[PDB]
Each structure stands twice: as C-alpha cells, then as structure tokens.
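So the structure is just underneath, and the comments pick up after that.
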Amino acid sequence: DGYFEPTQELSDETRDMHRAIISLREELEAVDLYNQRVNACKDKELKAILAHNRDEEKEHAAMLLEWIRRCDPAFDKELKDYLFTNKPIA
Amino acid sequence: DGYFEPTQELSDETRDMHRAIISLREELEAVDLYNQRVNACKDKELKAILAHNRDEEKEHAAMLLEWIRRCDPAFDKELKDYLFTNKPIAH
Amino acid sequence: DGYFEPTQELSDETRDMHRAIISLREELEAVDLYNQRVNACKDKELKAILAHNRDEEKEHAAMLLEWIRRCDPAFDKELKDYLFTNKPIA
Amino acid sequence: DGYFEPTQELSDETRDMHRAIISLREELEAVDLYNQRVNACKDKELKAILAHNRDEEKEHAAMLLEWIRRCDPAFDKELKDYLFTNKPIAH
Amino acid sequence: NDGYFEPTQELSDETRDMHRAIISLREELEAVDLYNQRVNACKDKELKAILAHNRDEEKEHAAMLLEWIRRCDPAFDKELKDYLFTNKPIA
Amino acid sequence: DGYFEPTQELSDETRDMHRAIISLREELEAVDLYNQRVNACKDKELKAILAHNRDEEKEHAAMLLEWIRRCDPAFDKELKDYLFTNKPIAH
Amino acid sequence: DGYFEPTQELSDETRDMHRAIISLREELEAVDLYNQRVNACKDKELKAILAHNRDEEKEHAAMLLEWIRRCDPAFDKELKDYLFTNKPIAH
Amino acid sequence: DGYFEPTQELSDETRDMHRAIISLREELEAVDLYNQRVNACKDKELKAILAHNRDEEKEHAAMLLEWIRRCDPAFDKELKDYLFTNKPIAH
Amino acid sequence: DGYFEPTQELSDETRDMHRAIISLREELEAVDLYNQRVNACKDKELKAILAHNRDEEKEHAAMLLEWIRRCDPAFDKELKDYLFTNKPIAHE
Amino acid sequence: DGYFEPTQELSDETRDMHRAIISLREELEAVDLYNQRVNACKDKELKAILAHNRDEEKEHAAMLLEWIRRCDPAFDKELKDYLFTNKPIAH
C-alpha cells in the first residue's frame, strides 16, 4: 500500500520520502482514531490509555514531520509560512 | 470514511478535528503519490504539472497542520520540540 | 495502483496517460470530499482552509486535463463540443 | 460509496455535485482502464470493442464536466485559465 | 485489485483476453446499476438526463462485450441460447 | 448490496434490479476466476471441479440477464442489436 | 487475492489447496449473499432465480469440501467427529 | 462485514445463518493463511505454532458446518452425496 | 496484505516476525468478531460454537505473543512493566 | 471500521472490548510496518525515527493488552499460561 509506481522505478531517496510520509499519515490516523475512541469510550481506565497512546503518536508525527522538513525545501517553506503563528490561516 | 465510531456519538469538535486530520492525511498522500509519479514520469510537461501540484499540496498540509496545532496543545508541545531543529531527531 | 495490467506490458505513453488520469481522478475526488467537509464543517477557520484547498484543487484538475486533451484528439474533440457552451447538455 | 460525511448532513445540491463528480471519476477510470486493456489486448475484435467503449466514455466525461462547470464558478475560472491553450501548462 | 487472482504469467493470452472481456462487462453493468441508483436519487433535472444518457450507452457497451464472449465460449453461448429472448418460467 | 445511495432513498423496483445486476456481476466474476484457476490448476480432479462450477455459473448469469432485459427495454434493445450476430461488432 | 506469501514461494500442492479453499469460501459467501437477497427480495420471479442459484452453489461447496477432505487428514478427522451427528456441538 | 442488505430487513435466523457462514469462511481463511505461512516460514518454533493453530481452526470449521447442515436441508442433500465418497467428484 | 515493502528486500527474520504479528492480529480480530457475534446471536447452539471458537483463538494469540516476546527484548521490557499489575495503566 | 454487528446491538462493555482489541491490532500493525521500513530504509536518521516509533508502539500494545487481561478471565489465563516461560510453545 502507498506504492503507486513499481518500487524498482523509484530512487532510494523517493522511497525514503515515501517511508516517512506513509509513516506520518499512519501516525495521524492513529491520533484521529484514538481520539474518536476517547470520545466514544465508557470505561475510564481504557479512556486514559487511549488518550495516552493518542498523545504519543503526536510526538511520532512531529519527528517524522521534522525529518521531512530537513529533506524538502518546498515543504520547509510552507511550514515556515504557517506554523507557530496567530494570524488567520484562510 | 475514516469514521470508526458512529458520527452521532462524536461531538462537533471531535468531528472537525477528524475533518482536519483526514484532510491532512489525504494531502500528504497526494504529495507522496505525486513525488512517485514525478520520479517515474517520462513526458516533461506532465512532469512539470505533477511537481507543481505536489508543491501546492504541501501548502494545504501546512495550513491544516497549523489549524490542528492551534486547538491541540499536546500536538503543539511536540511540534515546538522538533520543528526547525538541527539536532538528532532520534539518532 | 490503478494498474489493471502489468506495468511492463504498457508503453511509456499509456503510462504517462495513466499518470494523468489517476491524478485528475484524485484531484476530483478531493474537490468532492472538501465540498462535503465544507458543508458539514463547524469551525469557521477550518471551513475557510477547506474551501481554499478545494478551490486550489480545481486548478490542479484543470491543468492535468489540459495535458490530456493536448495529446488526446478523441477527447480534445469531446471537450470542444461541450465545454464553455449554452446548449442543453442533455 | 464515496460519501465521507453522513448523507443527512449534506444539502441536495452538494449531493448532486457529488453524483456528478463521482460519475466523472468513474468514466475517467473507464477511459484509463480501457486504455490499458487496449495496449495489452491480443484479440483484434475484442480490441475494437474496448477502444469504442473507451472513446464513448470520453463523451460521458466531457458531458459531466460541462455540467460541473455550469454549477461551480471557481472551477469555471480555472478551466478558462487552462483549457484549449498553447502555452506551457506549468512548464 | 486487477481481478487477476493468479499471476498473469501463468495464464494464456486467450484466458487473459477473456478476463479483459468479462471484467470490462462487470464494469459497464456496475455503471448501469450505479447510474440507475443515481437517476432515482438525483434531484437536478439536467444532471438526471446526462446520468440516464450515460447509462443507456453503457448498456450498449455491455451487450457488445457479452456477444464477444458468446462467439468464443461454447458453454456460455448454449446458456444464452437456452434463456435469452424467451417467455417460459426461469427455474 | 453494493449501494452508492442510501437504501431508504431507493424504490423496491430499483432495489430488485440492483439485486439482479450485482448477482450477475458476481456470477460473471466467478466465471472469470474459475477460468483462471482452471488455467493455473495442477490437480486433475480439482481441475474438473473448478471447470464444472465455472460452466454452471454461466447458466446463473444467463438467466439473471434474461430477467434484466425483460424489464429493461433499453437493455432489451441493445441485446437484440448485438447478440447472436456475425457482423464485426465494433467499426 | 488470497495469497499472503509470494506464489513462487509456495508449492503446487499448497497452491491447489489455496485454490480449493478460496473457491469454497467464495461459494459459501454466494449462498449467504443469495440468502440475504431472498430474505429481502420483492419480485417473485427474481426470488426463484436467486434461491435456485443459491442452492446450486451449495453443491459447489460440498464438492470442494470433499476435494479438501481427501487430501487433508487433519480436516478429515474433524469432519468425522462432528458431521452427520445428532450430538451437541459446544456448551 | 458481509451484510449486503440492511440488517433491519433480515430476520434473526437469517442473521444467525449469516453468522455461521461468515465465521466458517473466516476459519477456512485462517486455514489457508496458516498453510501458506507454514510453507514459507523459516523458524521451527514459530512453524509449529502456525501448524498448531491451523489444525484447531479445522475443528472450528467442522463444528460450524455441522451447525449449517442441520438447519439447511438443501446443504444436507448435497453434503450427503459428496462427503466421504470414492466417485470422481466431477467429469 | 501485511507486506508494505517488497519481500525480496526483507530478511527471513523480519518475515518470520511479520508472520507472527499478522497471525496474532488475525487471531485477535477473530476474538473481537466472535465476541460481537456472541453479543448479537439469537440461537443458543450457535452461540456456544461461537463462544468456544473465540476462547481457543485467545490461546493461539497467547502462543504467538510468547514467541514474539522471546525474540524482541524491546517487547519483553514493555510487557514486564505493565502486565499483572494493579496500578492505573495510565493518565498521561 | 471493525464492527460486524450494528453498534446499537452491542453493549458498552462489548464496544470497549472492541475499542481495546482493534487499538491493539493497530499498534501491532504499526510495529510490523515499522519493522519492515527499518529493514528497507536507507537514510540512517529516518531509520532511527522509525525504530523509536516502533519500540514505543510496543508499549502502547503492552498497555492495551494489560487492560484486556484485567477483564477477560479466559484471556488472563492463556497469558498466565504461556507468557514469560521457557517450554516449547507448541510441538
């Protein structure tokens, strides 16, 4: 999954980017999923574990994001333009 | 649809958070798939289109991420810890 | 994917075409998806970001489809008959 | 099915636009698929059948697209920035 | 998923042309069912006519395909003989 | 079964026609698939089981299709105009 | 589909078993699907067809399950223990 | 999930038949997968674990299938004819 | 299913660990599905086979995990911190 | 979404168990996927991230499974049984 072109036609660099990105996407999905489960959960202990797991995947996502940012000038530009501001995003 | 719990059991703010995450996920996927296609592409004009679109999707991602950041203090703490650093992320 | 035949049995031409159509299908799907999220969205700022991404995806779609017609005369004709007209599409 | 938000939370014209877009995606897929089968086909008679369906689906697409165009001015603005031109698209 | 459940390299050109024909038929048929459901659910009249128009030609697309199947499948042919254009109960 | 619009927004007539088409599309898939397994099969006894069930599915398909055309004047018309003929089916 | 390890890592035997088990799974799903479509069907003629196709496919299941037994001693044991008995299954 | 019609339109005993069939299909899949895995496996201890589970799922399948036959006389007629037999299952 | 990198690119070891993990996942999925079926079932006999199959799959699961614990000192560490405890699993 | 039966037919306790199990399956998938990416990765910095994330997902998993143990006596049994032992697991 994620490979839309045969791997052997892709450079190792493109494949590492693929790895980081699909990993980031999966981390984000896990944030989303844990978060819905927290909201729907009844059992307090389970709810805490889910909110906990959820918040670690945020660290995972950030780490992958930063690795992407060091390898990708066009992305680094965009993260500079929007991240850590207070102005309207729109 | 990415909705793993029935929608009627999730609040407006959870649902918006979901709209944002999945939108971000789809944008990153676009970047990845566009990158793969750019690498594999033969027609030079097509190639220029795919790379143009890939770099725009980067903009969409940045925007969605920042909105997530502004109402997610836990995500915020982490991005401030790693974004724009020079040190070994994990190593 | 989107490849129903082994990639190695198709020409660079059929594959560049494939690249083009699949990208356009994904840009269209995103228009549609952002449209739905815009309608159902609550937070004004998110709705604005969702609308801004969606419309930008419209530019992508349009650029990809120009590439298609410029090397597809069977399609460039269809667009010629229907696009930018007043006539009942029927 | 391609509905990512509950059907009851979407207006009728959002749902018509969805029906138009998904239909257009399907036809486009058809063109792409038929193109692959054409390229990879052996039997000459099956081959002719496939290519016919294909160029026919091109019509269906053109149809849906103009219908989308009537209804979406942002989209109209864009097709009129790019269609039937001669200048490098991004390039 | 290509509808190939066995490696292509282990199937003859014939089996592969047949598969091309069947999977193409399945696809036209689906678009019929889909367009059908979309016609019924549709609200906008002009969209509706287009959806109906696409659907009927996909019926032509379908019929060409199953004829091609017939001419190169004695077992299928026989069965279409037995039941098509008929009026006795189907049991 | 494979429904792109909510069941409650679809008449019983459109829903039976859907039950008919999807069943047909399954039967046809089981044909294409048994045919692949037949070509790939090593064991003789299994070969025969596979081919047996394959030819029978063609009846099931037959059959369901007759049912369709009886309530689809447009599919009826496309059938008569391509089936059992010996002309080249595409230009 | 159904192959979770590369086909070139599997013996012809394992692959014929796989053929048999996936085909059995498919016949069974048909029966289930046909049974739902009967439970839900409105037109009578279609119903008879659906039930007809359904019951034929149970044969296809039995034929495959037999094939499996003759070459799976461990499966041959378990079927001897439970099938055609009047004793309770579990507790 | 294997429900092709809305659950609200199926009777309870159809839903129970569905539960049986789908669980049987899952147990049969686990047999197939564990078989493929045993064939490909490298570590001896893991191998034995995979082959263990595989055999027990064969039991799980036999139980379920006894349950289906005892309330589907049509599955019975066909089971009685083919199970434990010498005759070539097909020809 | 399971393989996101070409198999030719992964070691026998990584691929055995993949075989163990995906097996464990399938067996846990079997438990969840049987559990849901047990809850929704309206026939006592079927219910009993459902519930039976479901409790044996717990054992399959358990064997598979033990095999993982042995080969993965990282997984062993985490299992020892939390398994058979009484304190809150979390609140962070 | 992992629900095989409508959620309105499942108790809160079956749904929490579902929430636990599926979360546990996802964290295990993560381990597996990270393992494969580690093996295939080229860039050493990314690699350290992947293995970091991977080993943290192991804790997530341990946690969930400790939760399941605490309310599944048949599970808090196989685990007392097999876990932290040196016996041959199967045969």
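As written, the chains take the letters A, B, C, D, E, F, G, H, I and J, and residue 1 is the first residue of each chain.
In this text, a contact is a pair of C-beta atoms (placed from the backbone, for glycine too) under 8 Å apart; a residue touches a chain by one contact, two chains touch by 3 or more.
J.: Pick from G-H, F-G or H-J: which interface has over half of its contact pairs in common with B-J?
T.: When the residue numbers line up for over half the pairs, the pair is H-J.
J.: Looking at A-J and C-E, which pair shares more C-beta contacts?
T.: Pair with the higher count of C-beta contacts: A-J.
J.: Taking the mean of the CA coordinates per chain, how far is chain F from chain G in Å?
T.: 21
J.: Let me have the rounded angstrom distance from the C-alpha centre of chain D over to the C-alpha centre of chain F, please.
T.: About 26 Å separates the centre of chain D from that of chain F.
J.: Just how far, in Å, is the C-alpha centre of chain F from the one of chain B?
T.: Centre-to-centre distance between chain B and chain F: 42 Å.
J.: Counting only residues that touch at least 2 other chains, which ones in chain B make the list?
T.: Residues 2-6, 22, 33, 37, 40, 45, 49, 52, 59, 63, 67, 89-90.
J.: Along chain J, where are the residues that touch chain B in the complex?
T.: 1-2, 7, 22, 45, 48-49, 51-52
J.: Within their complex, state which residues of chain J touch chain A.
T.: 12-13, 15-16, 19-20, 23, 26-27, 30, 33-34, 37, 40-43, 45-46, 49-50, 52-53, 56, 60, 63-64, 67, 70
J.: Going by the contact rule at the top, pick out the chain H residues touching chain F in the complex.
T.: Interface residues on chain H, with respect to chain F: 4-6, 88-91.
J.: What part of chain A is in contact with chain B in the complex they form?
T.: Residues 2-6, 9-11, 14, 17-18, 21-22, 24-25, 28-29, 31-33, 35-37, 39-40, 55, 58-59, 61-63, 65-67, 69, 72, 74-75, 77-85, 89.
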